[PDB]
């Protein structure tokens, strides 16, 4: 049996303020529903999910969480944005789908602090935020999704990005290139071309082919289209080159979103 709780009131919710959603340790957080009003998702900046003071996932703005859910075609409602720790799209290969989905839940056992920090923009009309938690029996943090932010400049022609962090033992579920002039992209590991120079229209067709929604000004490289976690990129230590070849038509700075995965560690990624 799951428990639906109305989280404690968020302290000091005001424009230009730096607030935090301190989660009580002990149980597992499958989903966290954040209700907002008097402020836009884009006005909720620097969203960070921290476990024991260490960064887990980061969102430039709350709007990126809305887009993250939209991509998987999850239920979107105005005035509310959810933090889906449990991945509903997961499919089991040697275990049930339910087990594969719940494995991403935010367990808090052994944790000292679980927080969701963010800053309220100064222009916020009259910010009002509350949260509801869909919890289950306690478990260790364990397997978690680690959304990381990276900013790289793009040229008009070809741009190569090979300096992406490769935490050993971790995996890469997907890579999102946020740019308005990306025509085609190619992904390779150690010379091996896992993703040919696919045109945007072709890449976007495959995405939609798997029930995903194409995000505006974004080139998504989904490594878990089938929902199989073992299809994701395994950051094996012996890997010598993890490269991305981007064919752009504009000279701009792109925001590269990398969805990492791995067993959460006190001293890990």
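Numbering follows the first chain given and starts at 1.
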property: Greater mean Cα temperature factor according to the PDB record, 239-247 or 222-230; result: 239-247
property: Between 106-114 and 82-90 (mean CA B-factor, as deposited), the higher; result: 106-114
property: Criterion, highest CA B-factor; candidates, 146, 180, 174, 132; result: 180
property: Residue 199, C-alpha B-factor rank within chain (lowest, middle or highest third); result: middle
property: Third of the chain, ranked by Cα B-factor, where residue 99 sits; result: lowest
property: Within-chain third of residue 26 by Cα B-factor, per the entry; result: highest
property: Record-listed C-alpha B factor of residue 256: chain third; result: middle
